[PDB]
Structure formats: C-alpha cells, structure tokens
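Take a look at this single chain, the form deposited in one PDB entry, given in structure tokens.
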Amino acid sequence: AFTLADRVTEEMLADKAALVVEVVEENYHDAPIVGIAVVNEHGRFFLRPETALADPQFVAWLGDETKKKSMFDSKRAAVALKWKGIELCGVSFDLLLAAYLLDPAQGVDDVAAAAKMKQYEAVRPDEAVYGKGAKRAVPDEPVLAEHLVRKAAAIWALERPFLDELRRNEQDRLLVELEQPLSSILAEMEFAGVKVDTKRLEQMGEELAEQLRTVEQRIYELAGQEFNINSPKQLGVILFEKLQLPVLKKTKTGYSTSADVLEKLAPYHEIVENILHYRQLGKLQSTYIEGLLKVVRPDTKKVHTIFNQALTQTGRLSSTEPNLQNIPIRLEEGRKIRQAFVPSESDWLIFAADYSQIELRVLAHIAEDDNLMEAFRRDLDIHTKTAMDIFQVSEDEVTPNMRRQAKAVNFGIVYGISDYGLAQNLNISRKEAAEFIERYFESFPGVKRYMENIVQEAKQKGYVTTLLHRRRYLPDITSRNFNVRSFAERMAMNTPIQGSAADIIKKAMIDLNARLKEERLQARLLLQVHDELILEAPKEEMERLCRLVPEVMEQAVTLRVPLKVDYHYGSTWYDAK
C-alpha cells in the first residue's frame, strides 16, 4: 500500500526516512534517475524524478544533513545527483555497506540479497525486475513504483537488525566512521574524474599498431602460414603441432600458451620470442590504449571510474570503467601509459604518495616479530635483510639472485601464495621451496607463531579479523579437500594483513580529506590504487602537500613500527615518480 504522488508534500520530508533514488544503468555517471521512493513514519511514497528533482523543498530535503536517510548503495545515488547539480546529504545508514561488513562473501549486490540475510523476502531482486543483458529494460510505472517502494520498505525494516549485528561484532564504528564517510569521499573522486590526454594515447596506439603489424608479419613467415595469433588454440596448433615444440604444460582445454611456458620454449624456435613480444604489445593496444579511449567521456575528456567498495573479501577497493588499479608500471613500455593521465587544469600537477611495504609492516606489528620489527625500525631494505637472514650472510654477500628469492618469499606472504606457488615462482622444487620457508621461519619465529595462531583462530572462531574489525568467514577451513583447506588457511594468514593495510589506507583517505579542507587547499583526491593515493593540485600547492600528505598517511594509525610514505609529483601520473 503506497501513495503514487503527483506532488511533493511536507509529510514526505520527515527527518528520518528510507530513500531510494533509482539508477538502473550499471555505469551511474551522468545516468538517468528513473524513480524515487520515500518511506517514513507518515507513509510510503513513489515520486517521479522529473517532479521531485524540480521541487525546491525536496532538493533542499535531499541536501539537509539533519534529515537522516537510510539507503542501499548511496554512492550510486549521490554521484547520479551530482551530475544533475544536486547534493545528497545526511545518509546515516547504507544497507549495502552494512551487509558487506557483516559478511563480504555473500556477494550482496541488491536490496533483496541483503534482505535475505535477515529472512526478509518481500522484495524482488533487481534482475527479476529489470532483466539481464539484452532484455534489460525499465518496466512501466506500476511495476516500477512497487519495486522501488518495496526496496525502501525493506531498507526501513532492516536498518535496526543490521545495526544490532554490527554492534554485536563491534563493527558499528567501522560502518559509521570509516566506510560511510569513505563512500562520500569516493563519490567526489569519481565525479571529479581524471583528465586524459587522448591525443597522446592515440599517438601511442599508432606506434603500437605499426610495431604489431611488423611482429605479426614476422610471426607468419616463421610459421610459414597465416593464422589468428590471438587465438590460443590456433597458436597452440602452430607451436605444438606444426613446430613440434615440447608441451610443457596442458590446460584443461588443451595446451598452455601462457607467457611463462613460452619463455621456456624460446630456445627451440625464433617464433616464440616474437609471440611473446606480440602478446605484450597487443595487451597494451587492446586493453590499455583502445580500452581507455573507449571510456574517456568526450564531454569532459576525463575517465570517471566507479569504485566498488563492497566487493573484495579483504576490504580492498576495486574499480571499473576504467580499472585504474592495473595501469602498467613494471615494464617501461607499458609504464608510459601513465603519461596519458594529466591534471585537469593548466598550472596544476599530479601528486602521488604511496606506502612503502605497508603489508609487511602490518605483519611485523601483528606478529610482534622482533627481527621483522627491528628491520623496519632501521628502515632497512626488507628484501636484502631477509636475504641476509635466510642465507646467513652479510649485506656485502647478498647477490641479486639471493635478494630476488627473499623478495619472492616476502611477496608469498604479502599475497598468501602457496608453498607450492613459491616453487612455481622461483622455478624450483617444492622441497626446495618449503626448505626456504623453514629457514625464513627460523629467522622470523614471530611470523611463524602468527601463521600458526591465526590458522587455529580461524578454525576456532570461524573467521579472521583486521585491525579495524573487518571480518572474513572461512568455512572451508575444516574441509577434508586439501586444496580447498589450504587456500582457506592461506586466507586466514593473508586477510588480517591485506585487510589491515586496506583499513589503514581508508583511514588515511578520510584523514587527508579532512586535513585538505582544514588547510583550505584546492588539492583534490583523484585515485586510490593499492597502497597509493593520487591527487591533483595547483603548482603553488606542491610544497605544502609534500609535507602534509605523507604526514597524514604516516599518522593514520600507530603501529609498533613506523609507516613510511614515498611521494612524488609531476606534470603527468607517469612523471610523479
């Protein structure tokens, strides 16, 4: 039972309401609002957006901090309203972020999935209402209005049970003081966007398109035949059938043609080096040149990513359209992609600051390993120091390969990769890899104690927690399937590390945003990617930012070891190196 309102009335502008501002397009930037539902103490209302968003009282109610709203995925509504010059304020409860903190593994992506967690089923999933894929469409107003009111009614009914469970888990402050404030900060960053020099991307593309055409012609002469190099199965016929190259690894479909297999086949035939070079070049061309160009808004000539705040099981942010968290850096040919990201105003610069080894520093603090804490208190090179300890040699005697192997051990912790995966990584035997690990644990007995304890804790409690009380349930921790149990064990070890690092970065983002406003700076957060924050600011602000941003990031939390931030600035993202 609901009012399909033709006009905004005062009873819809109570100071506590469940609100639904429906944006059905997946990319909500500059996207239509198809309807509005308000549920409060006085009733349930469906409003047409062409009515409500033109009503000054409704817009003023939207923007009034003291008018508390409860929503699901408020960031989608806030950004969509920003593109119409309308501020959304006073969102005191976000059901999507509540459900994500309670159990990230549920994959809660609509109101109905969140409602299921509390045995509430009087709302349909969005997919049942809008369809999927090709058939996706907005239904007519009677069907649309009911779905929106039911979602608002669900939000109305579910706020108190979700808050009760958050408080029981000691996660109420995590929602109210971290994730929800962060959601506003991410909305501003998405709306601001990042300026892209499309002409530089296009000139790189023409460069790649000439080099690809050369390598591809080379590959056809070496195969003595033309074929689709991008088809792994065709390429596998060329390599393993016509060229009789040894089959070192088989996928479930057929033969593996991954980069790491191909580098071991390089000595046998000159086609291999060229296939590798075609793969790196075509990855840049298809994924990063034509990929980025496709999502530059031609009106703003910016990219406006969407940060997914309620996706990963560790608490890390994710980002899409474009994904800027996998923009090339390691290889120089690909690193130059970052030259395409420029300040959005003349006389501004890009400022990037990044945590140095935040994960291992979190580990040192969590495990209280005296050796690992001393290494960071001395600001050592952690890979060199780990090589010194593992191999029981002095700093003068650490070769590059010893350092590369200690580095692989350290990354095998930061990422929770398997005992087996270290062997694959170092290309060694597993008994070699596992003996590396035992020497590491003899050099770092606190890390070992931590790994044993956190696994036991995960089995005993059913989950692990981060510094700021995020949790990840690990039901596969009791599995009799060894491969399944091991992963759960590795996630027991890895999640308090990666997730605590994610907590710290999020807190830094909140602390920075407040400091920037306190300092009356024009600098704006643009991007968070792994352990890095990227800003743009006037040329005139670089010196103050050189002191402010690292200070804020280093003080976000206090651990038993210091946090270290590196920072640079330049006329492009690439140059902020």
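Residue numbers here begin at 1 and follow the sequence given. Residues that one form lacks are left out of the comparison. Basically, rigid core = biggest C-alpha set you can superpose within 1.5 Å across the two forms.
FYI, the form deposited in another entry isn't displayed, but the following is about it.
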Looking at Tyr120, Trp83, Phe441, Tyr415 between the shown form and the other one with the core superposed, the single C-alpha displaced by 2 Å or more is at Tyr415
Core-aligned C-alpha movement of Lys252 between the shown form and the other one reaching 2 Å = yes
Pin down for me whether the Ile417-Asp389 Cα distance shrinks or grows in that other deposited form relative to this form (closer or farther, change of 3 Å or more).
-> closer
What stretches, three or more residues long, have all their C-alphas moved by 2 Å or more between the shown form and the other one when the rigid core is held in place?
-> 249 to 252, 413 to 419
